[PDB]
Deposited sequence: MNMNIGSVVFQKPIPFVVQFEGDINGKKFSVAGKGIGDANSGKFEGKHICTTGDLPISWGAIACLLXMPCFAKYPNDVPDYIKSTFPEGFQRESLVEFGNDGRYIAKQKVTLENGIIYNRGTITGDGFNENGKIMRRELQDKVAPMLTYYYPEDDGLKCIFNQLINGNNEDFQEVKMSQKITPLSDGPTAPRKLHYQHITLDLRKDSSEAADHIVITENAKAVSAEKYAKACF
């Protein structure tokens, strides 16, 4: 029995706070939403409080809470087991023929609200590229992500494809490391996958530069994934 399973048994509001600096361009994002780990759906609206986001929203979409993923019982939920204290995650995000950035974030539970507080720092992006000129669509293709133990944390590796405006795609390569914020007991770290679909949309009434992320994440054991029907 893992304690985190009880806190996420009902939908929980969440708050996202990000500070960024990519190619010397500083930005700040503030968002809020709701996550339901019973369904694996969590949806939030995020606004760039410093003006316009210097990069395509899709490039930071899945950094703006894998604790909300729907985990079956035949998969040990390590991420939820780190609660109530929470977890931290470091990410190396590399874009094909463009730059890279590093993010560090801490996902905590405070007064019954999930807080995703993170920081992004990157450089080497093409100033005439579709990322920094924001010519990519706000559309991200479906994903499968790999989870597996490494050292004393849970490592996650996966790719992302952001649609371009001319039948092209932008490659996103991510390498993440999840570790607990406390030295308390956690669930087993075992190989498994997450099936994620993102839908980025805009609010007509919102004047600020923003994005509305509808995410549906489900965990799959390696035995059930191998026996999959599509």
Notebook entry, point to check: Counting from 1 along the deposited sequence, what's missing?
Noted result: 1-2, 67
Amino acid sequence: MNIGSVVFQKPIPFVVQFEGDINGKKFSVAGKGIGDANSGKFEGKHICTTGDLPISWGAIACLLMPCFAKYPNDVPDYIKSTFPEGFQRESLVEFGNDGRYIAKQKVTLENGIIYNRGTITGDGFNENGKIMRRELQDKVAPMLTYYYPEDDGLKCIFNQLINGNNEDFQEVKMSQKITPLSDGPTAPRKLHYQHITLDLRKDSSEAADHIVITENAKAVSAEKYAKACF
From here on, numbers count along this sequence of modelled residues.
Check: In terms of the chain's CA B-factor thirds, is residue 217 lowest, middle or highest?
Finding: middle
Next item on the list: For residue 197, return the chain-relative third of its C-alpha B-factor as stated in the PDB record: lowest, middle or highest.
Entry: middle
Item checked: Relative C-alpha B-factor of residue 94, binned into the chain's lowest, middle or highest third -> middle
Checklist line | B-factor third for the C-alpha atom of residue 148 within its chain | finding: middle
Notebook entry, point to check: According to the PDB entry, is the CA B factor of residue 77 in the bottom, middle or top third of its chain, that is, lowest, middle or highest?
Noted result: middle
